[PDB]
>>> print(open('protein24.cif').read())   # mmCIF, N, CA and C atoms and all ligand atoms
data_upload
#
loop_
_atom_site.label_atom_id
_atom_site.label_comp_id
_atom_site.auth_asym_id
_atom_site.auth_seq_id
_atom_site.Cartn_x
_atom_site.Cartn_y
_atom_site.Cartn_z
N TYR A 796 71.65 107.69 148.43
CA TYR A 796 71.66 106.95 149.68
C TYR A 796 70.39 107.29 150.45
N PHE A 797 69.54 106.29 150.67
CA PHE A 797 68.28 106.44 151.38
C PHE A 797 68.17 105.42 152.49
N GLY A 798 69.24 105.30 153.28
CA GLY A 798 69.26 104.35 154.38
C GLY A 798 69.58 102.93 154.00
N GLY A 799 70.10 102.71 152.79
CA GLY A 799 70.34 101.37 152.29
C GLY A 799 69.27 100.86 151.35
N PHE A 800 68.20 101.62 151.16
CA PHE A 800 67.13 101.24 150.25
C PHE A 800 67.51 101.66 148.84
N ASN A 801 67.34 100.75 147.88
CA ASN A 801 67.76 100.97 146.50
C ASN A 801 66.54 101.33 145.67
N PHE A 802 66.51 102.56 145.15
CA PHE A 802 65.40 103.07 144.36
C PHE A 802 65.77 103.33 142.91
N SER A 803 66.88 102.76 142.44
CA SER A 803 67.37 103.05 141.10
C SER A 803 66.52 102.43 140.00
N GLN A 804 65.70 101.43 140.32
CA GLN A 804 64.89 100.76 139.31
C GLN A 804 63.53 101.41 139.11
N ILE A 805 63.16 102.37 139.95
CA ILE A 805 61.91 103.11 139.78
C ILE A 805 62.13 104.59 139.56
N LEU A 806 63.31 105.11 139.87
CA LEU A 806 63.70 106.48 139.56
C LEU A 806 64.05 106.60 138.08
N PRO A 807 63.90 107.79 137.48
CA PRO A 807 64.15 107.94 136.04
C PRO A 807 65.60 107.71 135.64
N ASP A 808 65.77 107.20 134.43
CA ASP A 808 67.08 106.95 133.85
C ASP A 808 67.29 107.94 132.71
N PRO A 809 68.09 108.99 132.89
CA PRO A 809 68.21 110.04 131.88
C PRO A 809 69.15 109.73 130.73
N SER A 810 69.56 108.47 130.55
CA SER A 810 70.44 108.11 129.44
C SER A 810 69.71 108.23 128.10
N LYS A 811 68.44 107.89 128.08
CA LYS A 811 67.53 107.95 126.95
C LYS A 811 66.72 109.25 126.98
N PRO A 812 66.29 109.77 125.82
CA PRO A 812 65.57 111.05 125.81
C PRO A 812 64.19 111.02 126.46
N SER A 813 63.59 109.84 126.65
CA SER A 813 62.35 109.73 127.41
C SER A 813 62.70 109.39 128.85
N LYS A 814 62.50 110.35 129.75
CA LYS A 814 62.93 110.21 131.14
C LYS A 814 62.00 109.25 131.87
N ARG A 815 62.20 107.96 131.62
CA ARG A 815 61.39 106.90 132.19
C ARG A 815 62.29 105.91 132.92
N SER A 816 61.71 105.22 133.90
CA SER A 816 62.46 104.27 134.69
C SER A 816 62.59 102.94 133.95
N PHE A 817 63.22 101.97 134.61
CA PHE A 817 63.39 100.65 134.01
C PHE A 817 62.07 99.88 134.01
N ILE A 818 61.35 99.93 135.13
CA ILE A 818 60.08 99.22 135.26
C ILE A 818 59.02 99.84 134.35
N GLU A 819 59.03 101.17 134.22
CA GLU A 819 58.12 101.83 133.28
C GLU A 819 58.44 101.46 131.84
N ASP A 820 59.73 101.26 131.53
CA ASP A 820 60.11 100.81 130.19
C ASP A 820 59.60 99.40 129.91
N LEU A 821 59.69 98.51 130.90
CA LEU A 821 59.13 97.17 130.74
C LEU A 821 57.62 97.20 130.58
N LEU A 822 56.94 98.07 131.34
CA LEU A 822 55.49 98.19 131.25
C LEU A 822 55.06 98.74 129.89
N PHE A 823 55.82 99.69 129.35
CA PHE A 823 55.49 100.25 128.04
C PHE A 823 55.84 99.29 126.91
N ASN A 824 56.84 98.43 127.10
CA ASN A 824 57.19 97.49 126.04
C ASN A 824 56.28 96.26 126.04
N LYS A 825 55.74 95.87 127.19
CA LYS A 825 54.92 94.66 127.23
C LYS A 825 53.54 94.89 126.63
N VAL A 826 52.94 96.05 126.87
CA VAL A 826 51.62 96.35 126.32
C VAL A 826 51.80 96.67 124.84
N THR A 827 51.45 95.73 123.97
CA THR A 827 51.49 95.98 122.54
C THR A 827 50.27 96.79 122.10
N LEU A 828 50.49 97.68 121.15
CA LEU A 828 49.47 98.61 120.70
C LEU A 828 48.92 98.20 119.34
N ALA A 829 47.78 98.77 119.00
CA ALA A 829 47.15 98.56 117.71
C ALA A 829 47.61 99.57 116.67
N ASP A 830 48.60 100.41 117.02
CA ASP A 830 49.11 101.51 116.19
C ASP A 830 47.98 102.46 115.79
N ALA A 831 47.38 103.07 116.81
CA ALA A 831 46.25 103.97 116.62
C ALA A 831 46.71 105.26 115.94
N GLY A 832 45.75 105.96 115.34
CA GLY A 832 46.05 107.12 114.52
C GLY A 832 46.25 108.42 115.28
N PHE A 833 46.80 108.34 116.49
CA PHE A 833 47.13 109.54 117.25
C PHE A 833 48.36 110.24 116.69
N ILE A 834 49.15 109.56 115.86
CA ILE A 834 50.16 110.18 115.01
C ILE A 834 49.66 110.07 113.58
N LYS A 835 49.91 111.11 112.78
CA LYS A 835 49.38 111.18 111.42
C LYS A 835 49.97 110.09 110.53
N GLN A 836 49.12 109.51 109.67
CA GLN A 836 49.52 108.38 108.85
C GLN A 836 48.86 108.51 107.46
N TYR A 837 48.61 109.74 107.00
CA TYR A 837 48.06 109.91 105.66
C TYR A 837 49.09 109.64 104.57
N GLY A 838 50.35 109.98 104.82
CA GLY A 838 51.39 109.70 103.83
C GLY A 838 51.64 108.21 103.65
N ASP A 839 51.55 107.44 104.74
CA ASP A 839 51.71 106.00 104.64
C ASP A 839 50.49 105.34 104.02
N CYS A 840 49.30 105.91 104.23
CA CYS A 840 48.10 105.38 103.61
C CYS A 840 48.04 105.71 102.13
N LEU A 841 48.64 106.83 101.71
CA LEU A 841 48.69 107.17 100.30
C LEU A 841 49.64 106.25 99.54
N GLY A 842 50.84 106.02 100.08
CA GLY A 842 51.79 105.13 99.45
C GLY A 842 51.46 103.67 99.70
N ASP A 843 50.94 103.00 98.68
CA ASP A 843 50.48 101.62 98.81
C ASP A 843 51.68 100.69 98.88
N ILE A 844 52.03 100.27 100.09
CA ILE A 844 53.11 99.32 100.32
C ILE A 844 52.50 98.01 100.81
N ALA B 647 49.17 116.63 116.27
CA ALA B 647 47.74 116.52 116.02
C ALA B 647 47.36 117.16 114.69
N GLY B 648 48.27 117.11 113.72
CA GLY B 648 48.08 117.80 112.46
C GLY B 648 48.91 119.06 112.40
N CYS B 649 48.35 120.14 111.86
CA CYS B 649 49.07 121.40 111.94
C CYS B 649 48.11 122.56 112.06
N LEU B 650 48.65 123.67 112.54
CA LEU B 650 47.89 124.82 112.99
C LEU B 650 48.25 126.03 112.13
N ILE B 651 47.22 126.69 111.60
CA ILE B 651 47.37 127.90 110.80
C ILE B 651 46.68 129.04 111.54
N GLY B 652 47.40 130.14 111.74
CA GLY B 652 46.82 131.32 112.34
C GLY B 652 47.20 131.57 113.79
N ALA B 653 48.07 130.74 114.37
CA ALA B 653 48.57 130.95 115.71
C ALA B 653 50.07 130.71 115.71
N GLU B 654 50.82 131.63 116.31
CA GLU B 654 52.27 131.55 116.30
C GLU B 654 52.79 130.83 117.54
N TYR B 655 53.79 129.99 117.34
CA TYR B 655 54.41 129.27 118.44
C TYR B 655 55.32 130.19 119.24
N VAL B 656 55.33 130.00 120.55
CA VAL B 656 56.22 130.75 121.44
C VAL B 656 57.06 129.75 122.23
N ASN B 657 58.26 130.18 122.60
CA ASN B 657 59.16 129.35 123.40
C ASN B 657 58.97 129.62 124.89
N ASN B 658 57.72 129.56 125.35
CA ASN B 658 57.39 129.75 126.75
C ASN B 658 56.57 128.56 127.24
N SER B 659 56.02 128.66 128.44
CA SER B 659 55.17 127.62 128.98
C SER B 659 54.23 128.23 130.01
N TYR B 660 52.94 128.13 129.75
CA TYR B 660 51.89 128.57 130.67
C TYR B 660 50.99 127.39 130.99
N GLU B 661 49.95 127.65 131.77
CA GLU B 661 48.91 126.66 131.96
C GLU B 661 48.07 126.54 130.70
N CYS B 662 47.44 125.39 130.52
CA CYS B 662 46.65 125.14 129.32
C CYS B 662 45.36 125.95 129.34
N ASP B 663 45.04 126.56 128.20
CA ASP B 663 43.83 127.34 128.02
C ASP B 663 42.87 126.67 127.04
N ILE B 664 43.33 126.39 125.82
CA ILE B 664 42.55 125.65 124.83
C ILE B 664 43.36 124.43 124.42
N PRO B 665 42.93 123.21 124.74
CA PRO B 665 43.72 122.03 124.39
C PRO B 665 43.61 121.72 122.91
N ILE B 666 44.76 121.53 122.27
CA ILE B 666 44.84 121.22 120.84
C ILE B 666 45.16 119.75 120.61
N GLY B 667 46.22 119.25 121.23
CA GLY B 667 46.69 117.92 120.93
C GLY B 667 47.77 117.46 121.87
N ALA B 668 48.83 116.86 121.32
CA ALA B 668 49.84 116.17 122.11
C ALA B 668 50.74 117.18 122.82
N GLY B 669 50.21 117.76 123.89
CA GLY B 669 50.95 118.69 124.72
C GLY B 669 50.88 120.14 124.31
N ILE B 670 50.25 120.46 123.19
CA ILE B 670 50.18 121.82 122.68
C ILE B 670 48.86 122.44 123.12
N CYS B 671 48.93 123.65 123.66
CA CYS B 671 47.75 124.42 124.02
C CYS B 671 47.80 125.77 123.33
N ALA B 672 46.65 126.45 123.29
CA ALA B 672 46.53 127.73 122.62
C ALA B 672 45.84 128.73 123.53
N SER B 673 46.18 130.01 123.34
CA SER B 673 45.59 131.07 124.14
C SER B 673 45.57 132.35 123.32
N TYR B 674 44.91 133.37 123.87
CA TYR B 674 44.79 134.68 123.25
C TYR B 674 45.57 135.67 124.10
N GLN B 675 46.80 135.97 123.70
CA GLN B 675 47.71 136.74 124.53
C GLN B 675 48.21 137.97 123.77
N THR B 676 49.10 138.72 124.40
CA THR B 676 49.58 139.99 123.88
C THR B 676 50.94 139.90 123.20
N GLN B 677 51.53 138.71 123.11
CA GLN B 677 52.86 138.58 122.52
C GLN B 677 53.08 137.19 121.93
N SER B 689 49.65 144.89 120.77
CA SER B 689 49.28 143.74 119.95
C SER B 689 48.49 142.72 120.77
N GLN B 690 47.70 141.91 120.07
CA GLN B 690 46.85 140.90 120.71
C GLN B 690 46.53 139.84 119.66
N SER B 691 46.98 138.61 119.90
CA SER B 691 46.86 137.56 118.90
C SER B 691 46.81 136.20 119.59
N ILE B 692 46.45 135.19 118.80
CA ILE B 692 46.41 133.81 119.27
C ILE B 692 47.81 133.22 119.20
N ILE B 693 48.25 132.60 120.30
CA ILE B 693 49.55 131.95 120.37
C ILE B 693 49.35 130.50 120.78
N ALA B 694 50.31 129.67 120.38
CA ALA B 694 50.35 128.26 120.75
C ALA B 694 51.64 127.98 121.49
N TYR B 695 51.58 127.04 122.43
CA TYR B 695 52.73 126.77 123.29
C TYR B 695 52.64 125.33 123.79
N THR B 696 53.69 124.92 124.50
CA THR B 696 53.68 123.68 125.26
C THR B 696 53.23 123.99 126.68
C1 LIG C 1 70.56 99.01 142.90
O1 LIG C 1 70.25 97.86 142.07
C2 LIG C 1 70.90 97.86 140.78
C3 LIG C 1 70.39 96.64 140.04
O2 LIG C 1 69.52 95.87 140.84
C4 LIG C 1 72.41 97.86 140.98
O3 LIG C 1 73.05 97.91 139.71
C5 LIG C 1 72.83 99.06 141.82
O4 LIG C 1 74.23 99.01 142.06
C6 LIG C 1 72.07 99.08 143.14
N1 LIG C 1 72.42 100.27 143.90
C7 LIG C 1 73.38 100.29 144.83
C8 LIG C 1 73.60 101.60 145.52
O5 LIG C 1 74.03 99.29 145.11
#
>>> encode(input="protein24.cif", output="structure tokens")
Amino acid sequence: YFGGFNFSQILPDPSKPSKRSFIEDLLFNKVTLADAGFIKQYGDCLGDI
Amino acid sequence: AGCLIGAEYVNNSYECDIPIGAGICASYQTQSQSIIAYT
């Protein structure tokens, strides 16, 4: 309760293991990535699929 | 960021000293005197 102001859509939602809000989830889902190599991908590059 | 040989992980948290990768930092601490890695 913050005087009737609703902050539940920008405060974190701890239901998921990444403590992110709803609007932050939309922002992270809308920006599509090029799948950069910041996570290792040598095993996937070795296995020719 | 790959894997690290020669530094032992600790279940603590300090300020970053040597940045390694995705949240992992390394330092030269006493827990003897050796290189440790942490979050
Ligand atoms: C805040 O908004 C959400 C969705 O817009 C709603 O589910 C929630 O009940 C609201 N909070 C309060 C205290 O009514």
>>> select_by_dssp(input="protein24.cif", residues="chain B", states="strand (DSSP E or B)", output="list in words")
residues 654, 655, 664, 665, 671, 672, 673, 674, 675, 691, 692, 693, 694 and 695 of chain B
>>> atom_distance(input="protein24.cif", atom1="atom N of residue 820 of chain A", atom2="atom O3 of ligand LIG 1 (chain C)")
16.0 Å
>>> residues_near_ligand(input="protein24.cif", ligand="ligand LIG 1 (chain C)", cutoff="8 Å", atoms="all atoms listed in the file", output="PyMOL selection string")
chain A and resi 796+799-804
>>> atom_distance(input="protein24.cif", atom1="atom CA of residue 828 of chain A", atom2="atom CA of residue 669 of chain B")
20.5 Å
>>> interface_residues(input="protein24.cif", of="chain A", to="chain B", cutoff="10 Å", atoms="only C-alpha atoms", output="ChimeraX atom specification")
/A:832-835
